[PDB]
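First, one chain by itself: the form deposited without D-MYO-inositol-1,4,5-triphosphate, in structure tokens.
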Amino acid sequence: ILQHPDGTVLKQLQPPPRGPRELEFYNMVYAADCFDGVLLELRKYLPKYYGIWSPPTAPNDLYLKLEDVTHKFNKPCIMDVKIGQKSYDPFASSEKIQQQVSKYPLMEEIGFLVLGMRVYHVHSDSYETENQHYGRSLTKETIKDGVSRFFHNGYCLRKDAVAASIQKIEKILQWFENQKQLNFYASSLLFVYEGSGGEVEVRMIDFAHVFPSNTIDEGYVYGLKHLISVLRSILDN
């Protein structure tokens, strides 16, 4: 992710087939002739899409120009959560399935994985960052506290942001409960709140493994529901 002062991020297309798939996903969704009400509603929950972008002198070098979801924040607190029971897609090999499950074998059980968080602490005027290994360390025993960490400013638990996150996730869940045409693997929710009341972003990102489907995305739903349940329990801290 490259953060542009103009309020966008540039995301470089991943190597094929993933990068091209993500381009096609955005293209399909933000198709200017798209009257599909499912895809029209989905736009609300994605970064705004400004089309494919390449440097003036390098047509080879492909990026997506996306809304920076953090842009309107002063001190954004950012958490990326991979959603679903499976982070491998329907066309993965045995090896690829094994690669994906081994990365985090609790994916089926929990239905989400914290990819990272960046949390502004007021009293130190600084950020705590957690990486891949943080979320991949979390077990059933420690997931609730693992998530809670995101909402700690080093003086209070930001229950406002927790409650707001549930409310926004709920609308995304409603979207998924009303569509049977897309299944989403290894995709994420980007949570943002103000670290400097209820000012929150929750957006879907990372679409290198979104496939056509005939069924409810049950794995994504399970993850949203479980994530909500964790967030709900945190409101009782």
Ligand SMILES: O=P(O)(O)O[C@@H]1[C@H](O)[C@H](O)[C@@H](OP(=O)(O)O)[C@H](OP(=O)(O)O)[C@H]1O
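All residue numbers refer to positions in the sequence shown, first residue = 1.
Just so it is clear, the following notes concern the form solved in complex with D-MYO-inositol-1,4,5-triphosphate, a form of the same protein that is not shown.
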Legend entry - Heavy atom of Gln132 within 4.5 Å of D-MYO-inositol-1,4,5-triphosphate in the entry with it bound: yes
Inset, instruction - Find out whether any non-hydrogen atom of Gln99 is located within 4.5 angstroms of D-MYO-inositol-1,4,5-triphosphate in the entry with it bound, and reply yes or no. - result: yes
Legend entry - Partner proximity in the entry with it bound: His226 to D-MYO-inositol-1,4,5-triphosphate, non-hydrogen atom cutoff 4.5 Å: no
Inset, instruction - State yes or no: in the entry with it bound, is some non-hydrogen atom of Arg136 no more than 4.5 angstroms from a non-hydrogen atom of D-MYO-inositol-1,4,5-triphosphate? - result: yes
Inset, instruction - Just give me the single entry in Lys75, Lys86, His121, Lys82 that has a non-hydrogen atom within 4.5 angstroms of D-MYO-inositol-1,4,5-triphosphate in the entry with it bound. - result: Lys82
Inset, instruction - Note which of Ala186, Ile169, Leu39, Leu62 lies within 4.5 Å of D-MYO-inositol-1,4,5-triphosphate in the entry with it bound, where distance is taken over heavy atoms; exactly one does. - result: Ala186
